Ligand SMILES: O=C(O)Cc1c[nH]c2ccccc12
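What follows is a single chain, given as structure tokens, in the form deposited without the named molecule.
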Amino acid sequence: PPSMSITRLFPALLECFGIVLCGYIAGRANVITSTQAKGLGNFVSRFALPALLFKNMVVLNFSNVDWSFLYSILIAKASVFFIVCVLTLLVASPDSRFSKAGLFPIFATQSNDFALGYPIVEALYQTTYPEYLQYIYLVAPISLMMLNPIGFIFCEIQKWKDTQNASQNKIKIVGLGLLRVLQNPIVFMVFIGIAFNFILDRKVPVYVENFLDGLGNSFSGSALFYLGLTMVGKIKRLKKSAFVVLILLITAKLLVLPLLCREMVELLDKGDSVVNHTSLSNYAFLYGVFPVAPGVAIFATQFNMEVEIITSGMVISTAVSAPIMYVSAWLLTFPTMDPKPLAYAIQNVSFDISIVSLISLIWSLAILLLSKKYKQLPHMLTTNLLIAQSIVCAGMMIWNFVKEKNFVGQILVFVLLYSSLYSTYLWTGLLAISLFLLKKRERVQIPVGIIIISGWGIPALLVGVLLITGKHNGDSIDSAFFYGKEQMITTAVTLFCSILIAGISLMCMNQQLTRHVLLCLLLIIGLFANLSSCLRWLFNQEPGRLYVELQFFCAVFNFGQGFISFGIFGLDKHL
């Protein structure tokens, strides 16, 4: 069976993250100041969300719930909480380890289940498994009732020891922690909704149904937009200690939790048919990938606890969960697809990513060109990288129309697509070189002509060499296999040349500029994901679907890298 309507996921990510991007663009532009944003937030959190919760809680058929699925997602969230909690207590300093162990486990476990989770689960499962949408309104509140009072208890313990008590009365610490979690609209409107579920026998009165529809339907768009507004100005410059803790907590949230969810569902929910069980453990995985809840950042800013790591981490967790949800959901869907419709689905993914990536790149390029920054170094060289990324995205669009049409168009469009693709790799190298030569070799002139010649000619030399030395693999749909093993060898050698050049240069540089360094680092990370995926493809001699999985991992960066350069330069507040 299809298990997930996976083709509905990209439009649903573009809905949810495009509304988050609208809120961000609005707050950055000061269309809505931070003072004004609290009105949307108070509407969202105190009117729209509590109505959405009440509606769904009253309607819920509790005898239709897979309780072992709830227990296993809750045991996965509770064990990640316990892991991050115990580790934070053991690793952090005695002066703040209870503020850290309070909120770092809440961060690693409280998903944005209602605003991001629900629309994405509705997109994936409303047709194949409409019952999966019940578990958001169950898991998310029950996870608050378990885990948020434990983190609030740790925060009250910090204040109790900071005020130099040997102990306070423990009942007031546990009582205020519990009372603070009961005061959250999420918890008490779930309690009220569970009560009215029984009082009404699940029939929402016709009078109240449309009132709850109007408030409930308003939550999704307004909460994503409020989330975007709350991201403005939250990525503080962090020390390396704060930055490594942030990477570890975003890892706990977006990698360890979804792996533990998938495992806990497979170990604890053993009472179902293999199709349901596989779909349900796949659902458990993408439940773990939902980003940190803005409620943790709202708590951190109001308590003034760990504000830098938690507000920055909530923003980076939000943004990073979008590609991880996409990549993860497709990886989990791939086992259901036959190799031929799978190949077309991966090309359709690449067309989708390259359409939206090309639009974001055209905006970013226009911004770089109109700001007239494109005449400086490093900006000329970042503008050449964005042009290479734009010819890559347009090339994938043209390829999806040409893919099996005719040999003349295929060869020219492959030359365009792969020369511009190798060019994006070599431009990550050459841009990182120019940052090394600008920061360190100030006296020495940078050869702009030789750099523009190398960034465009060496890719075209590599593509010419490949058309000469390779055999046409015309039995293949995928551009990432149109010249066979020697194309993955050429791709991998180009990635290794670029990661050498860019690693050498950003190292020697450490031995405007912050945006370009950050771009080169994020692109280097992407090139290392592509290199490791391409080397792993080249080393696997035994046949498998693993080939088309690794081609999908490569394609996501090849065509999606326009979003890294849009994120850094399309949204640069300096232009």
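Residue numbers here begin at 1 and follow the sequence given.
Undergrad: Taking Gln511 and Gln512 as adjacent modelled residues, how many residues of the deposited sequence between them have no coordinates (none, 1 to 3, 4 to 9, 10 or more)?
TA: The entry leaves 10 or more residues without coordinates here.
What comes next is about the form solved in complex with the named molecule, which does not appear here.
Undergrad: Report open or blocked for the site once the named molecule, placed as found in the deposited complex, has been superimposed by the C-alphas surrounding the pocket (blocked: 3 or more ligand atoms within 2.4 Å of a backbone or C-beta atom; open: none).
TA: Judged by the transferred pose of the named molecule in the deposited complex, this form is open (no ligand atom within 2.4 Å of backbone or C-beta).
Undergrad: Which among 473 to 481, 160 to 168, 70 to 78, 219 to 227 is in contact with the named molecule in the deposited complex, heavy atoms within 4.5 angstroms?
TA: In the other structure, the partner sits against 219 to 227.
Undergrad: Give me the residue from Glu156, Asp113, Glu308, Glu122 that has a heavy atom within 4.5 Å of the named molecule in the deposited complex.
TA: Contact with the named molecule in the deposited complex is made by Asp113 alone.
Undergrad: From the list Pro378, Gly395, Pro294, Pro141, which entry has a heavy atom within 4.5 Å of the named molecule in the deposited complex?
TA: Flagged contact: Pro294.
Undergrad: May I ask you to check whether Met57 falls inside a 4.5 Å heavy atom distance of the named molecule in the deposited complex?
TA: Contact check for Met57: no, nothing within 4.5 Å of the named molecule in the deposited complex.
Undergrad: Would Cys534 sit within 4.5 Å of the named molecule in the deposited complex, counting heavy atoms only?
TA: Close contact is absent here: in the deposited complex, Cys534 is far from the named molecule, nothing within 4.5 Å, heavy atoms only.
Undergrad: What residues of 21 to 43, in sequence order, lie within 4.5 Å of the named molecule in the deposited complex by heavy atom?
TA: Contacting residues: none.
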